[PDB]
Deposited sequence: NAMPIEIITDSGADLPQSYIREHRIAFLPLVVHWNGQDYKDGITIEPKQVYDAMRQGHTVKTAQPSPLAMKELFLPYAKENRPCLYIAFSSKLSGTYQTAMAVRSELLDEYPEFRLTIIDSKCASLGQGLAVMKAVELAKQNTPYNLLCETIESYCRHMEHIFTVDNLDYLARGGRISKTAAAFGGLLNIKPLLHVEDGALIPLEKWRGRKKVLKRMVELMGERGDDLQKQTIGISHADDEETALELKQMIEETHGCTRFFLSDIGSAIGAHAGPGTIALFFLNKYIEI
């Protein structure tokens, strides 16, 4: 059987893509005021931003171990080889929980080939890795080689972003007129710089990309935004002007991530080592 690719809502890939490429989907949980929702399935970013915009503190949770097991079980039974590219273990306990679920399943279904990669990635940084996995899988790339390659790919992904207010991230717990510029280091969020006004952080984001990027023109640059396509499209131009990039993938930030980053969040993703896949 062909390798089945699995991912969670931390990847920020549009459901149109998930469904098209038959990607098993594990929704992260979004909740507040007694109601639980499933990221990308029963809740949309606007509903979250709107809630926060109304003085609400939208919270998130890991999917349940039961939910995880229900998702993998079918594959274990038909004994189909799987690759689950998980949201950064430093941003959620989802990964570890899934490894636990994996052991349980192995006990019942030995021979079940399920590899879980702790991506150390978030949003489209993770999504880009998932899309590459889909490509390698449809090319019938050998299982181990495919898994090893996607892990190396994840190890070279950069996540450079800005939010409107660090309070959201702070109250969210993933971090302890100035706009902040942050980045993802080994799976964790690290506040990096402080700039006056939006225009400058965007200019600086594109600049840092040029410093860390590798063979940027040959790469598919990822850009995710918190319901602010206008700025994303703005950032896209600055990049094609400055770096001469031609391949882009823009998408909205998911609800779970959005509940932490907050409105006005803009991020770019690229490899610091051009792995040619």
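Residues of the deposited sequence with no modelled C-alpha atom fall in the ranges 1 to 2, 179 to 188.
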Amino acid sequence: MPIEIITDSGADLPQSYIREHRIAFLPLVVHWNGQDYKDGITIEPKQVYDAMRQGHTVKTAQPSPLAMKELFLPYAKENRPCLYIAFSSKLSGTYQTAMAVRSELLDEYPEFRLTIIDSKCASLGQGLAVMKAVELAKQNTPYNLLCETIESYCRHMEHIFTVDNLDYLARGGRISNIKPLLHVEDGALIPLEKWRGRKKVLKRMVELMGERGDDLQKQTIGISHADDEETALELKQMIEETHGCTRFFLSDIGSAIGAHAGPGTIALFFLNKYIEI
From here on, numbers count along this sequence of modelled residues.
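Just going by the entry, 115 to 123 versus 101 to 109 on mean CA temperature factor gives the higher value to 101 to 109.
Taking only CA atoms, the mean B-factor in the PDB entry is higher for 49 to 57 than for the other of 34 to 42 and 49 to 57. Per the PDB entry, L202 shows the highest C-alpha temperature factor of the residues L136, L189, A129, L202.
Ranking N177, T141, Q96, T149 by Cα temperature factor from the entry places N177 first. When all modelled residues of the chain are sorted by CA temperature factor, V29 is found within the lowest third. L208 sits in the middle third of its chain by CA B factor, as recorded in the PDB entry. Placement of the Cα temperature factor of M1 within the chain: highest third of the modelled residues, per the deposited record. For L145, the recorded CA temperature factor ranks within the lowest third of the chain's modelled residues.
When the modelled residues of the chain are ordered by C-alpha B-factor, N79 sits in the highest third.
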